[PDB]
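Chains, contacts and geometry: an overview
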Amino acid sequence: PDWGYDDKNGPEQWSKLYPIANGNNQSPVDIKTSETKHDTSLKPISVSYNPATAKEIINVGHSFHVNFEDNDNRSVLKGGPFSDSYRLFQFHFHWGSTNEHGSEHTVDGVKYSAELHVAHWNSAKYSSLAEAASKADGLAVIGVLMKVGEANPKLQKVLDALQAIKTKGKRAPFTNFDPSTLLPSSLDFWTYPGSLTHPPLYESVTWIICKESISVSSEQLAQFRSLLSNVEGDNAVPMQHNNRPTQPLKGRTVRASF
Ligand SMILES: CCOC(=O)CCc1ccc(S(N)(=O)=O)cc1
Ligand SMILES: [Zn+2]
């Protein structure tokens, strides 16, 4: 690809190939709690995922993705600021070189070790992810900040699957898994209109950021960074980091459900 996270093809240079990178609805962002606007119009978040929709895990070079079958509404997200039902299709993570950083969103300037993203597309208005991907109200992503600490047992199945997709392009069946089990006990959240955090960077994401974080150990994070960005046979190139710096809010208002 013509983009990555290196010095030459990293976030700082993405605007040269993708001008929208300097847009008005870019993500992630720093959430300043003193400036958040509590909205009583926000309903609780509701997630109902069917473990049978889990499909495959893929090493995409810069990260790894766990995709789900999205032919129907067996797995959906509702409530919050949505009136329409959003269909789950994937979840993945972002992390940094060291524990000091790794998350994409930040709260009051505080950076966490990694971040979990659970993505969905508007199947109420659109017919496919491809169509919805570029629509202002096309995507919905739940972001969960991961604070380094005790090992998180709920990450086990995912972590155990990485040894099968070590190098770029590798992919394997990943089934019978319900990602709602990775979410924090409380679903209080913040929401704002944003975008994909990496190319194509479409400003089509309604973000749902959980107030409560989930844990992850230094060793578990080591496993993410142990993934390789090269194709099998070439010299190993560890996947050290894949988080984008926070972007300018530019007038946007972050709403709180609590
Ligand atoms: C199976 C096809 O998968 C996709 O097209 C995923 C697109 C995609 C969804 C969400 C995000 S993020 N970082 O903004 O949460 C990035 C890229
Ligand atoms: Zn992401």
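Reading the values: rules and limits
Residues numbered from 1 in each chain as written, not as in the entry; some residues may be left out. Chains lettered and ligands numbered in written order. Heavy atoms only, no water. UniProt positions renumbered as here; feature names shortened; annotations may be inferred. Helix = DSSP H or I, 4+ residues; strand = E, 2+ residues; numbered from the N terminus. Buried < 20%, exposed > 50% of the residue type's maximum accessible area, 1.4 Å probe, protein only. Contact = heavy atoms within 4.5 Å. Donors = N, O, S within 2.8 Å, 3.2 Å for Na, K, Ca; no water. Tetrahedral: all angles 85-135°; square planar, octahedral: opposite > 155°, others 65-115°. Salt bridge = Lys/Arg side-chain N within 4 Å of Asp/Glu carboxyl O. Core = buried A, V, L, I, M, F, W, Y, C linked by side-chain atoms within 4.5 Å. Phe/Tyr/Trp six-rings, centres within 6.5 Å; stacked < 30°, edge-to-face > 60°. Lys NZ or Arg CZ within 6 Å of the ring centre and 35° of its normal. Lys, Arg positive; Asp, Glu negative; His and termini not counted. Near = heavy atom within 4 Å. Polar contact = N/O pair within 3.5 Å; in protein donor to acceptor, adjacent residues only side chain to side chain. Areas by Shrake-Rupley, 256 points an atom, 1.4 Å probe, with all protein chains shown as cover. Nonpolar A, V, L, I, M, F, W, Y, C, P; charged D, E, K, R; others polar.

**A few points about the UniProt feature "binding site: substrate" in the chain**
Within the UniProt annotation, "binding site: substrate" is assigned to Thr 197 and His 198. One can find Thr 197 in the loop between β12 (189-194) and β13 (205-210). Accessibility expressed as a relative area gives 5% for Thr 197, which makes it buried. With sequence-adjacent residues up to four places away left out, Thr 197 is seen in contact with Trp 14, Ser 27, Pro 28, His 94, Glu 104, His 117, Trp 207 and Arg 244. Relative to the helices and strands, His 198 is located in the loop between β12 and β13. Setting aside anything within four residues of it in sequence, one finds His 198 in contact with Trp 3, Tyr 5, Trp 14, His 62 and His 94.

**Describing the coordination of the zinc ion (ligand 2)**
Taken together, the protein donors to the zinc ion (ligand 2) comprise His 92 (NE2), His 94 (NE2) and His 117 (ND1), at separations of 2.1 to 2.2 Å. For the zinc ion (ligand 2), the four donor atoms in the first shell make angles of 102 to 117° at the metal, a pattern classed as tetrahedral. Taking relative accessible area as the criterion, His 117 reaches 2% and is therefore assigned buried.

**Things to note about the pattern of salt bridges**
Going through the model one piece at a time under the given rule, you end up with six salt bridges. We note a salt bridge from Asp 188 to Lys 211, for which the minimum N-O separation is 3.0 Å. Highlighted residues: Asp 188 in the loop between β11 (171-173) and β12 and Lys 211 in the loop between β13 and β14 (214-216), separated in sequence by 23 residues. Classification of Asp 188 as partly exposed rests on a relative accessible area of 25%. For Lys 211, a relative accessible area of 38% puts it in the partly exposed group. A network of salt bridges, in which partner residues are shared, links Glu 69, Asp 72 and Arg 74.

**Points about the nonpolar core**
A general tendency of soluble globular proteins is for nonpolar side chains to be buried together. Core analysis: the largest hydrophobic core is formed by 42 residues, its most contacted members being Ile 57, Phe 64, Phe 91, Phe 93, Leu 116 and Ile 142. For this core, the element with the highest residue contribution is strand β7 (residues 86-95), accounting for five residues. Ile 31, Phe 89, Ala 132 and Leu 145 belong to the second-largest nonpolar core, a separate cluster that totals 18 residues.

**Describing the packing of aromatic side chains**
Under the counting rule described, the total for this entry stands at 14 aromatic pairs. Both rings, one in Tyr 5 and one in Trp 14, keep their centres 5.5 Å apart while their planes meet at 65°; by these two values the pair is edge-to-face. The residues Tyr 5 and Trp 14 share a single accessibility class, namely buried. One aromatic cluster in this structure is built from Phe 64, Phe 68, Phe 91, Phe 93, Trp 95, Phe 174, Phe 177 and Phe 224. The side chain of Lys 157 reaches across the aromatic face of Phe 174, ending 4.8 Å from its centre. Across the ring face of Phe 258, the terminal group of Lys 211 is positioned such that the distance to the ring centre comes to 4.9 Å.

**What about unusual backbone geometry?**
Of all residues except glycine, most have a negative phi; of all peptide bonds, most are trans. Cis rather than trans, the peptide bond between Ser 27 and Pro 28 has omega equal to 0°. Note on placement: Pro 28 falls in the segment before β1 (30-31).

**Some words on the side chain of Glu 115**
Examined against the element boundaries, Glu 115 turns out to sit in strand β9 (residues 114-122). The buried charged residue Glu 115 lacks any salt bridge, with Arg 244 as its nearest oppositely charged partner at 12 Å. Apart from residues lying up to four places away in sequence, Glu 115 is in contact with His 92, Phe 93, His 94, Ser 103, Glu 104, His 105, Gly 143, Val 144, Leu 145, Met 146 and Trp 207.

**Focus on the site of ligand 1**
What surrounds ligand 1 is a group of 13 residues, the closest being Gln 90, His 94, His 117, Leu 196 and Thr 197. Separating a nitrogen atom of ligand 1 from a side-chain N or O atom of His 94 is a distance of 3.4 Å. Here a nitrogen atom of ligand 1 and a side-chain polar atom of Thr 197 are 2.6 Å apart. Considered on its own, ligand 1 offers 460 Å² of accessible surface; in the complex 77% of this is hidden by protein. No other element matches the four residues that β7 contributes to the shell around ligand 1. Each residue belonging to the shell around ligand 1 can be placed in one class, and the counts come to five nonpolar, eight polar and no charged.

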